[PDB]
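Novice: My questions will all concern the structure given below.
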Amino acid sequence: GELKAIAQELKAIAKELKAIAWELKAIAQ
Amino acid sequence: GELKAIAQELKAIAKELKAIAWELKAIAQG
Amino acid sequence: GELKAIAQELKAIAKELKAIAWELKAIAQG
Amino acid sequence: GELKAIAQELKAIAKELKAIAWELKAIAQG
Amino acid sequence: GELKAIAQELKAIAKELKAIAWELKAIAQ
Amino acid sequence: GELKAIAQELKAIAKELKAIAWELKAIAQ
């Protein structure tokens with residue numbers, strides 16, 4: 001239901017932030 | 001319902017973070 | 001209600017991330 | 001109530017993202 | 001319980017965004 | 001249950017933002 005859907009969107013948000021962290025690491029080197 | 005509306009705004013947030021990741025990749029790769 | 005208030009703050013968060021994406025595009029040079 | 005507390009933290013998050021957008025605008029140079 | 005735990009993680013998120021704002025200000029010189 | 005799962009994803013989000021702050025600190029030095 002809707003609470004699982006919320007947890008799944010937060011998982012997608014964490015995944016995009018992981019990608020941002022990786023790109024910033026690239027910029028840092 | 002309001003819980004679906006919350007899930008939809010989180011989807012929009014994930015979409016903007018994807019765009020930010022792409023722009024950071026652009027900055028990283030000139 | 002409080003659930004609508006939560007959805008509205010998430011909308012404001014999505015709006016600020018959109019602005020950040022645009023500024024990063026500017027930094028990237030377009 | 002706990003739901004109001006959640007909305008208030010999301011408001012603080014939107015405020016920090018606004019500050020980040022402003023700093024990025026400074027870096028962008030407009 | 002779980003709703004207080006959610007508010008507390010959002011507080012930690014606001015704190016990390018404050019740190020990011022500070023680092024960006026440093027980069028901005 | 002689902003509310004704990006939401007708190008756990010927010011914890012993962014705070015962790016990724018901490019990593020982003022750390023990479024930006026690296027770039028700042």
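Naming works like this for the structure tokens: A, B, ... for the chains as they're shown, residue 1 at the start of each chain, ligands 1 onward in shown order.
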Would you list the contacts of residue 20 in chain D as a list in words, taking every protein, DNA or RNA residue within 9 Å and counting only C-alpha atoms, but skipping same-chain residues closer than 4 positions in sequence?
Specialist: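 Contacts, with the query itself left out: residues 16 and 20 of chain C; 15, 16, 24 and 25 of chain D; 17, 18, 20, 21, 22, 24 and 25 of chain E.
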Novice: Which RMSD value, in Å, describes how well chain B fits onto chain D when all C-alpha atoms are paired in order and fitted by least squares?
Specialist: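 It is 1.3 Å.
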Novice: If I take CA of residue 13 in chain F and CA of residue 29 in chain B, how far is one from the other in Å, to one decimal?
Specialist: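 According to the coordinates, CA of residue 13 in chain F and CA of residue 29 in chain B are separated by 25.7 Å.
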Novice: Enumerate as a list in words the residues belonging to chain B that approach chain F to within 12 Å, with only C-alpha atoms taken into account.
Specialist: residues 7, 10, 14, 17, 21, 24 and 28 of chain B
Novice: Enumerate as a list in words the residues belonging to chain C that approach chain D to within 6 Å, with only C-alpha atoms taken into account.
Specialist: residues 2, 6, 9, 13, 16, 20, 23, 26 and 27 of chain C
Novice: Write the residues of the selection above to a file with N, CA, C and O atoms, as an mmCIF file, in the first residue's frame.
Specialist:
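Saved as again_31.cif:
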```cif
data_model
loop_
_atom_site.group_PDB
_atom_site.id
_atom_site.type_symbol
_atom_site.label_atom_id
_atom_site.label_comp_id
_atom_site.auth_asym_id
_atom_site.auth_seq_id
_atom_site.Cartn_x
_atom_site.Cartn_y
_atom_site.Cartn_z
ATOM 1 N N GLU C 2 -2.578 17.703 8.656
ATOM 2 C CA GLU C 2 -1.108 17.580 8.816
ATOM 3 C C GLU C 2 -0.520 16.809 7.620
ATOM 4 O O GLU C 2 0.616 17.100 7.260
ATOM 5 N N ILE C 6 2.425 18.124 5.057
ATOM 6 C CA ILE C 6 3.648 17.333 4.736
ATOM 7 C C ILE C 6 3.845 17.338 3.216
ATOM 8 O O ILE C 6 4.954 17.651 2.772
ATOM 9 N N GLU C 9 5.163 20.749 2.069
ATOM 10 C CA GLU C 9 6.602 20.960 2.336
ATOM 11 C C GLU C 9 7.437 20.138 1.345
ATOM 12 O O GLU C 9 8.499 20.625 0.931
ATOM 13 N N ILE C 13 10.306 21.424 -1.234
ATOM 14 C CA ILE C 13 11.636 20.757 -1.339
ATOM 15 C C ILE C 13 11.928 20.472 -2.825
ATOM 16 O O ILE C 13 13.043 20.801 -3.279
ATOM 17 N N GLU C 16 12.932 23.678 -4.571
ATOM 18 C CA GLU C 16 14.315 24.124 -4.293
ATOM 19 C C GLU C 16 15.303 23.240 -5.052
ATOM 20 O O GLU C 16 16.299 23.782 -5.557
ATOM 21 N N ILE C 20 18.230 24.283 -7.734
ATOM 22 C CA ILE C 20 19.632 23.813 -7.621
ATOM 23 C C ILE C 20 20.059 23.190 -8.951
ATOM 24 O O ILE C 20 21.169 23.489 -9.394
ATOM 25 N N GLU C 23 20.837 25.979 -11.406
ATOM 26 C CA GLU C 23 22.116 26.665 -11.064
ATOM 27 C C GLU C 23 23.289 25.768 -11.450
ATOM 28 O O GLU C 23 24.293 26.264 -11.944
ATOM 29 N N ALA C 26 23.835 26.054 -15.088
ATOM 30 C CA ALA C 26 24.552 27.332 -15.311
ATOM 31 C C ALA C 26 26.055 27.128 -15.085
ATOM 32 O O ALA C 26 26.838 27.502 -15.964
ATOM 33 N N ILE C 27 26.441 26.539 -13.952
ATOM 34 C CA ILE C 27 27.867 26.246 -13.610
ATOM 35 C C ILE C 27 28.459 25.354 -14.715
ATOM 36 O O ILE C 27 29.564 25.670 -15.188
#
```
